[PDB]
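Included below are structure tokens for two forms of one protein chain, each presented in isolation as structure 1 and structure 2.
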Structure 1
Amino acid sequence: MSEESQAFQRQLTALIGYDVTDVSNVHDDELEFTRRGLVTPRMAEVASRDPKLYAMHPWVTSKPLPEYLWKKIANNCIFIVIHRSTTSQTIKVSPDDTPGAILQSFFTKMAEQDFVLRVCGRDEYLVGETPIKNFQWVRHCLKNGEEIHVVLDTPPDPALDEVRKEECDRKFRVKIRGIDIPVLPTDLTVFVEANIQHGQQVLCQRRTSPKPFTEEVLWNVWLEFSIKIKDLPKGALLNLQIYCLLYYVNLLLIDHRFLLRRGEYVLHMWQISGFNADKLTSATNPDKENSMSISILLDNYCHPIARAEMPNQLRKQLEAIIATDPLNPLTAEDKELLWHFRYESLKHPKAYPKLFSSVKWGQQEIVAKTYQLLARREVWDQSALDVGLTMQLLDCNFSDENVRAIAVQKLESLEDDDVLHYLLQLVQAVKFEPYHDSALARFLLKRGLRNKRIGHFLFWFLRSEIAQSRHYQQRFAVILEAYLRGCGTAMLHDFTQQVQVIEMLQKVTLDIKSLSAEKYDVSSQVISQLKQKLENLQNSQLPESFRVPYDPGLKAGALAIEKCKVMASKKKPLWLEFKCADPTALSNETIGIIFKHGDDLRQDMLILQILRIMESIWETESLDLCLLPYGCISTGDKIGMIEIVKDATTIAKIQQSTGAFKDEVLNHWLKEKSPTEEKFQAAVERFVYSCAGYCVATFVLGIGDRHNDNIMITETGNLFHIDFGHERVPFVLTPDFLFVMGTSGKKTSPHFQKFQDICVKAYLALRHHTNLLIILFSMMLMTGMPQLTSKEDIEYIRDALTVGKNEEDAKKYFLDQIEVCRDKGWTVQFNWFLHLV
């Protein structure tokens, strides 16, 4: 291995945030096996991709243009302004015209074809055989009444993407020798609980006798289970837990080579913090100095893995079972029906999760029958892709490789635009995989390597978890390395630049962070001190430019140091502004970015992403709620970036121009921020729509009860919530908001009626996607929050979506929710100030 390759691994290590060649916290080679296993998948995808399309990464969709967007196009013509260079002309185009076609109706229309259209000031390209109405940037401009400005330039050199060349029928038993902890900080008793699990299902449980809890407790006792070795399903975990529940650790009973685990193990455990994905991890606690450890012995030898049509009425019970929601509990009777009528079940794709949860994973013969069932998968293969259904099969309830692989099989047909909508959830679902190398992990690798925008985001989503998840950083580091090794030198160089910038901002944040206090900073001393620290960086080691992490198409240049500062909040985040490093930009507007240290931004990324998914759902129903999910990216441990939405203030700040509350303050602000009455009327309309979206969206997620200071509005009428990092009211619809809609005091009016109608329409559009939302919500709680109870926490969403009711009871239910808010007025808002004292 050339000394060159070592310098390179060192580079990857710094991009990753973890050293994948570190073998301090392993007890086998699953991780190395996986690094070698992912070489093939990576190389195959690198060799399959088109160098040109990969270089320009056009962002496209197959979805039809929504009704509400055709409205802005009734002349069947679209005007593209080509600016190359210092000259320019506006060209009318047809929604079906291809970029190369409008280049034909150009070149000849004026009068060398080695050119391409690029969005001004962005690294965004309009290329490939696709109708222009099918480009996201084109739709983004229409939704915002913006003009489409493009520049004619030379295609990027694919050379810049060069990839560096690479080079027994016995019963199961386990002996628990003992446990050891360095320091015990009332003497309690302690015992060990051993479980055999599969898909969060205890097939067998054994306990040791209780013993005095001392720094070292020994048993030397065999725990014999009823399950036979031959019966162990692949992917089963031996879950070991210490009760006084204090600590846990897991060990895959069958390894990545299909071999039964054997030998001595000394496992360092995870301590419970006073149900979640972290509990299923096969990784051990990296902290060997201060953790509990448990020693065991496994002696097990083997090398395993070597015309009844339904009566009319049972069929009704079956269909009833199938229609229930993902959270409905399956009775023993239900499972027996699903299983007995296996072949009937296999004809309803929606039954797949319920049915596979009816399998006795602890019986070799049954698992075998299950694979037989899966063999004739015709119905499933021809079913229309149902994301909600595919995801149910990737959660904690399914440990079977084959069952999860057919889920992944359906994802294979998603277009890039959809992978982007679900990427973050798919990356989180890698946590439910029992092995490091898996079909889902390979799918993320492959889609990332096929596309620059997916790879860019895939990078940050993996780095965010690697930096702050001890339970999964090892598996995610291997996935990230595999991707880094095939994205190409150009991307590699881009990531390096982003990492240096954020690494420098930590240092600045941290040095600044020492001079400070809680609730009020001031310190004209520290701000003068900030500008100096930035000035020092500005010359270098801070790169000329870098891609904005949450808006990769944007290149930030030099800092506009005079506009930078430290924000006045509990945490002392930086408010940075940069010049755009693209001269072709269509403006002089700086790029604002809030960089913050001290908080885990992953809950906010997660929330924002679900908001983006709710928007896409509404799009499929021809609705636009005008939500505003601003960029947010967790970039490292307790640190990350946030987009500064331009021309925006806090709804509280507006009121503060304390504690009393006036209804017209908001309308006055908006009327005053409007250049014309026309713009003011548009702002009023836009507020109504955005207000409705946040009311529906926020209620469903059960994050509707917010303080005025966590809600903002743009001068253009766009309302939007912020800071999602973790009497009552379902959501916020205060008197001032009502006033803008022309109502007050249990009144009504055309905009207000328009509000209720949109809300209702928005609400029921989400109910047609009830299962998708439920599975995203529960996956979110398991993989993003603390130890959340499945039974009660996850059930909230079921009640909110009012599962079990028809449309009429639904409309009524939401309308009442709007009424509760009305009755409450300013009550709730006003009450928070006192909680502080």
Structure 2
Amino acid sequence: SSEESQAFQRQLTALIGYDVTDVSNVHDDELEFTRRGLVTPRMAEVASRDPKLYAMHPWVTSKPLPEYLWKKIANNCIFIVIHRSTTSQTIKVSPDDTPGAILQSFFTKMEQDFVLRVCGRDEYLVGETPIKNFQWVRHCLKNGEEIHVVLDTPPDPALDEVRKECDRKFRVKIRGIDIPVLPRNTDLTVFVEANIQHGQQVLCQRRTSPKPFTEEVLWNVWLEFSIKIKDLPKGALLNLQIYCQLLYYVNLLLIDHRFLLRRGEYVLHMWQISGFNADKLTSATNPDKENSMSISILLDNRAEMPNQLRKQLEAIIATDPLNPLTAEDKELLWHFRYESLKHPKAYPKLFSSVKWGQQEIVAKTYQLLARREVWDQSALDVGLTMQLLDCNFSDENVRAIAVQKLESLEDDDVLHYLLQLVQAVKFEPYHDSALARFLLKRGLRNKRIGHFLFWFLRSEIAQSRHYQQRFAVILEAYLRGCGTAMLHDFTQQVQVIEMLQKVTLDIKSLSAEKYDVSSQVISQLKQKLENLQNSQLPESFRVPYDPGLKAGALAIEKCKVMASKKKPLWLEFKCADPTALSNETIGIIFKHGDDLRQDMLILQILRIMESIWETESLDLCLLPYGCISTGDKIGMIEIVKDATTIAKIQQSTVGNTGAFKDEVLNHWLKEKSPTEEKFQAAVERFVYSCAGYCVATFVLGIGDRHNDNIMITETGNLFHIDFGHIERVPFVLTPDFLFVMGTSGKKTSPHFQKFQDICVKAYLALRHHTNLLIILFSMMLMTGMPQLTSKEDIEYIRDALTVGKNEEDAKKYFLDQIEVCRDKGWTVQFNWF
């Protein structure tokens, strides 16, 4: 430790937003043991990575180029437009043409160190991929637009340079509980419930005598459990809870990171229930020693299946993730564990049929996992892998075969799944996990991944006390290997975000909950932005939410505070790239008031749904806008260009306190389209994007939305906003949407029939991926909600995806829902005030 060493570590702390060397809220070694453990995987990935592919991070896919999109290539021909200083020049090109081939199919069209970069962006077309297999290229095809690439020097890889670095039964003594003040109620009773717990399966449970609820309550009882010390499984948690009814909980790992039984005296500060949630499982103690309840404790311690059994089995094995097993189901899985091993899809259920509190069963479990050829030969099924990483599996061997599968994800697919894999770190018993390290590896290997990993981790560190220490240790590890270049770049973004976040807080307080932005507010705002430009603010920052774009200077006069109780800022920037082919603006909405973690989670489910749709050649035209959560009820949102809310459209030549008429959306649509062509391209886009959002939202159960929360672009693209947030309609298909499709008001249309057609296609696309959608929704709820039912809330999607139907029963169902919305026209829209 020099200065040096510590100098650098001070930078890290501000990048993270947490001090990982602080050891004042720990009662053991684990965290520091993870900092040192993560050194090896990091270095291995630094040492092993390609310097120039790392510096240029092509964003590519191995996936087939969809039916739509080929249908946008005419004569096996793709036009690319190079640029050198003031010169341009197109180049006709073939789908399979590697960027190296294209570059010389240009030098022959009349040295080595020139790269095919994108205009506007830190985005290279490089490495050995058919151009059609770069994502920027596919963005340009889907979107009707031309590919523009500058010709310049390949970024110096030197900038990315990484810095030099017993058969006794188990018992617990419950000494007592202490809390500086209760005043919440007068009196009542309290007991401590101590649960021995594995994969949220309670192994044993004892409680204390009840006693009067006073500021200090002492017991001081040995609670003897039914289980032997030797049958405690690794990852087993002492769960300690205070009831009246549940008020407080905390957990202690019975077995530690060094495989030793937790021995000794503990005073543990607890988390308060504020009224099935990832938070409940944390091995972290509450850092607030002042206001917190504490508890103190001492630890002193080959055959042939009856054709119809086999079909019993296969029916169990073919049932959904949320289908409960019975004692019988479990005994059948376990008894026929080797038969079950032949089915990859049985793995979750088979592992839930294990008695984890028996050492000899656990051992037999390990013996069957040594026999892992069927699993290792199986194609990655992400949904099934995801299930083994959720709250029901606390065993490291089980969780580690799940991660093993994830190893073959391409980078493109990591990115689809990144937020939910970061969130899944919360179901890990230990800080250092095969999952922790896979995310670490994948981040260091790819800058795009590594950038989102930063903000994903940072979002949790800034607002999860339960989980911020774990996530900070993993973030530090990332940061000590991403390169001083990336480090430089994160520092800047944090700098800007902090600056811009003060301004949105300051400005909010100034405005009352009254629907008016006062002269002197927009005055106050314009002021700070100048008083900040113009100080203060970096010459240019990378847009988080979109790491290719770089923002430069604000456009003070386009900036404003938004017609919302939340008073978000609407900021606009000049794009610091001269080579950019527009002068369109980079818009970021900063907002305090909403939990944008919920938005993130939903938005990422929606990108996934679009990939599901792509595999079956459907484009439902979602606009899943960028949205980075930054701290407690605060963060950033992407401004969609030429977009207007659907409430604002209705409050037209009409006006305010009334009333909703069925055209207007159509007029606005023609009003906005320069040619009757463009109009029709818009009505088309509307039928698709409409369909996508009705399926998506019905499945996620977030369909009943008010139309100030539904937007549309000038080109017909519908999109829901503010997921926020939190008589029944299944989705928002109002008369004004129908008109545009062309069916006032109980008939059929060429375009309604199409809409109905597209919904049915896309719905059925999703149910093919039913098990994947269900695990995502279930983790979503556990790691990003208020409270959620370990039956009914999660089970919504089961019923939405119409599990255990044929394609017929389902098409019916969805067309039924389409109707409910038509039968109710404007009811629920009006029902708002």
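Residue positions are counted from 1 along structure 1's sequence. Just so we're on the same page, rigid core means the largest C-alpha set that superposes within 1.5 Å between forms.
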| query | finding |
| --- | --- |
| Moved residue between structure 1 and structure 2 - picked from 412, 511, 319, 147, where its Cα shifts 2 angstroms or more relative to the rigid core | 511 |
| Exceeds or equals 2 Å, Cα of residue 599 between structure 1 and structure 2, core fit | yes |
| Displaced residue check between structure 1 and structure 2: residue 715, CA, 2 Å or over, core reference | no |
| C-alpha of residue 349 moved at least 2 Å between structure 1 and structure 2 on rigid core | no |
| Displacement in Å of the C-alpha of residue 524 between structure 1 and structure 2, rigid core kept as reference | 1.4 |
| Inter-form CA displacement between structure 1 and structure 2 at residue 568 - rigid core frame, Å | 2.2 |
| After superposing on the core, C-alpha shift for residue 629 between structure 1 and structure 2 in angstrom | 0.4 |
